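What follows is a single structure, written as structure tokens, with notes after it.
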Amino acid sequence: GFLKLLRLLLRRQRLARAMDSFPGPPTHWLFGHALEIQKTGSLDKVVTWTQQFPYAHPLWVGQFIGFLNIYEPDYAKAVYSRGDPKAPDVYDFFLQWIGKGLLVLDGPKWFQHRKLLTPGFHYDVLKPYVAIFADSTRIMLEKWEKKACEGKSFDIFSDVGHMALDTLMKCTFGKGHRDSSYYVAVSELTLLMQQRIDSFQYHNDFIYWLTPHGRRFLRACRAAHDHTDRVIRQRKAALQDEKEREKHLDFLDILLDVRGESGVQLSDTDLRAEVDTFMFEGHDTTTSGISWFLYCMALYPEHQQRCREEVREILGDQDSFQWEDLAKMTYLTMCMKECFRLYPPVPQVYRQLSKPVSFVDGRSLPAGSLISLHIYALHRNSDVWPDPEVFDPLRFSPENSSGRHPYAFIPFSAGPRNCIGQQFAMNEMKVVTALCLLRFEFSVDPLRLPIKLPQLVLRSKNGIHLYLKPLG
Ligand code: HEM
Ligand SMILES: CCCCCCCC
């Protein structure tokens with residue numbers, strides 16, 4: 001016991017000593033910066049800090065843990081190109097929920113899984129998914145036409161979430177109620193876990209699970225685990241009749257190691273972790289992305305009208321979009337990237353340096369130091385983006401992006417730990433969002449504007465309330 005107290009106090013002095021090269025905002029004697037972080041709009045407060053301290057600034061939860069918040073393309077590249085492990089202080093809070101899956105793994109075992117699961121987001125696996133996206137969206141759009149003609153605005157986030165979760169499971173988990181029960185549990189898990197990240201008194205494992213906060217997290221963990229245990233058994237059992245006919249495997253079948261070709265033999269815990277992991281990752285983010293996009297289309301009726309007639313032309317007289325049609329959606333894509341710049345679905349990720357790093361401006365950090373990549377501020381950096389807060393899709397035209405720094409716009413991160421599902425996501429969001437524009441015209445609700453709420457992914461304190469006009 002005495003050993004551990006000392007272990008921590010030295011680590012904090014170390015972390016502090018390594019960022020003395022980095023000025024930053026004032027620290028409360030107990031809370032560090034937590035009182036600023038916990039305020040509504042703290043993302044914009046970090047953006048102002050960005051302009052007062054260039055490249056990076058220290059960031060403390062509560063006097064024991066301090067990160068170097070980084071928000072500059074060279075600083076990002078210096079760190080996120082290399083593959084240092086995920087910050088244990090943050091990602092260990094995943095353990096009771098998603099465990100040591102791909103997101104949290106740190107080393108040669110991560111590369112094994114990454115090598116195993118990358119096939120499965122290859123475009124030959126994703127080509128059939130286009131039909132499924134279209135079907136899932138048509139169900140959601142059927143409900144929205146009833147809501148629209150009621151004349152009231154309504155929150156689209158939960159509806160998109162239920163559609164995202166359903167399409168994920170039809171595409172990658174074998175699916176051909178209790179699902180809603182899972183959806184509500186993710187909400188609790190991400191809410192609670194985000195609050196744990198921001199609340200230093202909840203950091204210690206032993207203490208945390210004596211608190212109502214931690215117990216509530218554990219009840220949601222069980223709720224999540226029941227869901228993924230059912231998904232696994234349902235598939236294992238469905239492969240008694242249909243194994244011959246499927247044999248380019250989808251994600252869950254790869255894990256189940258049909259054909260014995262994977263040759264890595266996953267444990268039951270490792271299998272359940274990856275299912276847990278990709279079940280959070282493959283729906284929560286695209287829910288945020290799609291929802292925030294449709295809001296952007298409402299905020300800027302010129303841009304969505306352009307997107308609408310673009311996809312209207314691409315579709316023509318087809319029944320549904322084909323995988324080949326997704327490339328033609330060049331203007332939809334640029335509006336989407338500009339949405340993700342301002343409304344990045346994952347605002348903040350973290351690493352713990354395994355090796356020292358030296359930055360472009362001369363400063364450096366030793367191994368063991370904690371990094372906080374602030375994608376939100378990075379995407380609003382005034383030294384990189386003229387008129388940062390302005391929404392201009394033409395920033396991502398072929399001309400204006402030709403010589404842009406590679407780590408300037410990284411909503412899917414970058415490097416060896418980049419998003420594995422990026423092309424899954426991009427394909428899904430383009431199909432969903434294109435069919436949304438062919439079917440409705442979206443407009444703000446001036447009384448109920450969204451307020452940004454970090455919740456691991458980017459959510460809104462009050463949903464995304466929109467008015468929908470049906471279309472011929
Ligand atoms: C799983 C999964 C990973 C981890 C890959 C690995 O560790 O090999 C992943 C990564 C990311 C990251 C980096 C996370 C970090 O730095 O801690 C970001 C920022 C991000 C963002 C988005 N992702 Fe993702 N992603 C994983 C899974 C998925 C899936 C699953 C099928 C989809 C779909 C997807 C989509 C998106 C997305 C879409 C709007 C954003 C933003 N990710 N991912
Ligand atoms: C610390 C938040 C990590 C969220 C990553 C989600 C990847 C889809």
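Numbering starts fresh at 1 for the residues of each chain in the structure tokens, the chains themselves are lettered A, B, ... in the order given, and ligands are numbered from 1 as they appear.
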
What residues have any atom no more than 9 Å from ligand 2 when counting only C-alpha atoms and all ligand atoms, and can you list them as a PyMOL selection string? chain A and resi 90-91+103+194+197+277-278+280-286+345-350+412+419-421+455-457

Next, write the just-selected residues to a file, as a PDB file, in the first residue's frame, keeping C-alpha atoms as the atom set.
```
ATOM      1  CA  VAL A  90      -8.004   6.656 -19.873  1.00  0.00           C
ATOM      2  CA  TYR A  91      -8.498   3.417 -21.796  1.00  0.00           C
ATOM      3  CA  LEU A 103      -9.177  -0.442 -29.416  1.00  0.00           C
ATOM      4  CA  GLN A 194     -16.790  10.205 -20.112  1.00  0.00           C
ATOM      5  CA  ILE A 197     -12.413  10.516 -17.492  1.00  0.00           C
ATOM      6  CA  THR A 277     -15.466  -3.525 -28.904  1.00  0.00           C
ATOM      7  CA  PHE A 278     -16.747  -3.438 -32.468  1.00  0.00           C
ATOM      8  CA  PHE A 280     -19.651  -0.005 -29.401  1.00  0.00           C
ATOM      9  CA  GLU A 281     -17.309   1.282 -32.242  1.00  0.00           C
ATOM     10  CA  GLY A 282     -19.328   0.248 -35.392  1.00  0.00           C
ATOM     11  CA  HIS A 283     -22.579   2.193 -34.494  1.00  0.00           C
ATOM     12  CA  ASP A 284     -21.940   4.929 -31.901  1.00  0.00           C
ATOM     13  CA  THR A 285     -19.607   6.989 -34.109  1.00  0.00           C
ATOM     14  CA  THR A 286     -21.614   6.860 -37.304  1.00  0.00           C
ATOM     15  CA  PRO A 345     -17.437  12.409 -34.039  1.00  0.00           C
ATOM     16  CA  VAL A 346     -14.479  11.509 -31.796  1.00  0.00           C
ATOM     17  CA  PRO A 347     -13.260  14.824 -30.286  1.00  0.00           C
ATOM     18  CA  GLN A 348     -10.367  13.468 -28.169  1.00  0.00           C
ATOM     19  CA  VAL A 349      -8.025  10.445 -28.006  1.00  0.00           C
ATOM     20  CA  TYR A 350      -4.971   9.662 -25.877  1.00  0.00           C
ATOM     21  CA  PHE A 412     -10.522   8.850 -38.338  1.00  0.00           C
ATOM     22  CA  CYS A 419      -9.813   3.722 -37.728  1.00  0.00           C
ATOM     23  CA  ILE A 420     -10.250   0.225 -39.111  1.00  0.00           C
ATOM     24  CA  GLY A 421     -13.871   0.917 -40.082  1.00  0.00           C
ATOM     25  CA  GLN A 455     -19.500  11.475 -24.490  1.00  0.00           C
ATOM     26  CA  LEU A 456     -16.502   9.600 -25.876  1.00  0.00           C
ATOM     27  CA  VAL A 457     -18.094  10.373 -29.236  1.00  0.00           C
TER      28      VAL A 457
END
```

So that I can see what lies close to residue 154 in chain A, please list as a ChimeraX atom specification the residues with an atom at most 8 Å from it, counting only C-alpha atoms and leaving out residues fewer than 5 positions away in the same chain. /A:147,464-467

Polymer residues at most 8 Å from residue 49 in chain A, only C-alpha atoms, same-chain spacing of 3 or more positions, as a count of residues only: 6

As a ChimeraX atom specification, please: the residues near residue 74 in chain A (cut-off 9 Å, only C-alpha atoms, same-chain neighbours under 2 positions excluded). /A:55,71-72,76-79,359-360,405,407-408

Can I get the selected residues back with C-alpha atoms, as a PDB file, in the first residue's frame?
```
ATOM      1  CA  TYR A  55       1.142  23.588 -30.566  1.00  0.00           C
ATOM      2  CA  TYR A  71      -3.552  20.264 -31.535  1.00  0.00           C
ATOM      3  CA  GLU A  72      -1.058  20.986 -34.318  1.00  0.00           C
ATOM      4  CA  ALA A  76       0.014  15.212 -34.221  1.00  0.00           C
ATOM      5  CA  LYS A  77       2.248  13.651 -36.880  1.00  0.00           C
ATOM      6  CA  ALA A  78       5.160  13.497 -34.442  1.00  0.00           C
ATOM      7  CA  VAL A  79       3.093  11.267 -32.123  1.00  0.00           C
ATOM      8  CA  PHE A 359       8.624  18.249 -31.881  1.00  0.00           C
ATOM      9  CA  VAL A 360       9.068  20.544 -34.860  1.00  0.00           C
ATOM     10  CA  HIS A 405      -0.686  18.668 -44.295  1.00  0.00           C
ATOM     11  CA  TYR A 407      -2.257  15.298 -40.065  1.00  0.00           C
ATOM     12  CA  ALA A 408      -4.335  18.479 -40.385  1.00  0.00           C
TER      13      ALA A 408
END
```

Name the residues in contact with residue 366 in chain A at a cut-off of 7 Å, using only C-alpha atoms, excluding same-chain residues fewer than 4 positions from it; report them as a PyMOL selection string. chain A and resi 18+355-357

To one decimal place, how far is CA of residue 258 in chain A from CA of residue 172 in chain A in Å? 14.3 Å

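Among the candidates A:296, A:3, A:116, A:164, the residue lying nearest to residue 179 in chain A is A:164 (atoms considered: only C-alpha atoms).
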
Strand (DSSP E or B) call set, DSSP backbone run, range 185-412 of chain A, as a VMD selection string: chain A and resid 348 to 352 357 to 358 364 to 365 370 to 374

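Non-sequential neighbours of residue 453 in chain A (distance at most 8 Å, separation of 3 or more positions within a chain, only C-alpha atoms) are residues 40, 41, 458, 459, 460 and 461 of chain A.
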
Coordinates-based distance that separates CA of residue 379 in chain A from CA of residue 428 in chain A (Å, one decimal): 22.9 Å

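Nearest-residue note for ligand 1: choosing from A:105, A:365, A:193, A:185, the minimum distance belongs to A:105, counting only C-alpha atoms and all ligand atoms.
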
Would you give me, as a PyMOL selection string, the residues in range 287-465 of chain A that DSSP reads as alpha helix (DSSP H)? chain A and resi 287-299+301-315+330-342+375-378+422-439

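Considering only C-alpha atoms, the residue among A:358, A:268, A:167, A:441 positioned nearest to residue 302 in chain A is A:441.
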
Find the residues of range 363-444 of chain A that sit at most 7 Å from range 337-342 of chain A; for each, write down the nearest two atoms and how far apart they are in Å, to one decimal. Count only C-alpha atoms. Sort by chain, then by number going up, and give it as a tab-separated table.
```
residue	atom	partner	partner_atom	distance
A:379	CA	A:341	CA	5.3
A:391	CA	A:338	CA	6.6
A:392	CA	A:338	CA	6.7
A:393	CA	A:338	CA	5.5
A:409	CA	A:341	CA	6.9
A:411	CA	A:340	CA	6.4
```

Within 12 Å of range 204-211 of chain A using only C-alpha atoms, minus same-chain residues under 5 positions, as an mmCIF file with C-alpha atoms, in the first residue's frame:
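Wrote selection14.cif, looks like this:
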```
data_model
loop_
_atom_site.group_PDB
_atom_site.id
_atom_site.type_symbol
_atom_site.label_atom_id
_atom_site.label_comp_id
_atom_site.auth_asym_id
_atom_site.auth_seq_id
_atom_site.Cartn_x
_atom_site.Cartn_y
_atom_site.Cartn_z
ATOM 1 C CA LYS A 4 1.639 2.561 -4.378
ATOM 2 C CA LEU A 5 1.145 6.014 -2.846
ATOM 3 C CA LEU A 8 2.018 7.864 -7.873
ATOM 4 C CA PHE A 64 -2.219 13.581 -10.108
ATOM 5 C CA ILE A 65 -2.633 13.060 -13.880
ATOM 6 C CA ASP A 89 -5.102 6.088 -17.458
ATOM 7 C CA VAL A 90 -8.004 6.656 -19.873
ATOM 8 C CA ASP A 92 -8.359 1.158 -18.722
ATOM 9 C CA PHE A 93 -11.873 2.435 -17.939
ATOM 10 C CA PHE A 94 -12.987 0.458 -20.999
ATOM 11 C CA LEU A 95 -11.921 -2.841 -19.423
ATOM 12 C CA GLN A 96 -15.132 -3.790 -17.591
ATOM 13 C CA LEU A 192 -20.589 7.425 -17.206
ATOM 14 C CA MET A 193 -17.207 6.689 -18.728
ATOM 15 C CA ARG A 196 -15.081 9.179 -15.118
ATOM 16 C CA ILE A 197 -12.413 10.516 -17.492
ATOM 17 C CA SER A 199 -13.577 13.290 -12.584
ATOM 18 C CA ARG A 216 -24.352 2.067 -12.320
ATOM 19 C CA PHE A 217 -21.543 1.553 -14.823
ATOM 20 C CA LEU A 218 -21.296 -2.129 -13.858
ATOM 21 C CA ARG A 219 -25.023 -2.715 -14.303
#
```

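Nearest to residue 377 in chain A of all the residues A:343, A:397, A:472, A:451 is A:343, based on only C-alpha atoms.
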
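Nearest-residue note for ligand 1: choosing from A:182, A:110, A:129, A:323, the minimum distance belongs to A:110, counting only C-alpha atoms and all ligand atoms.
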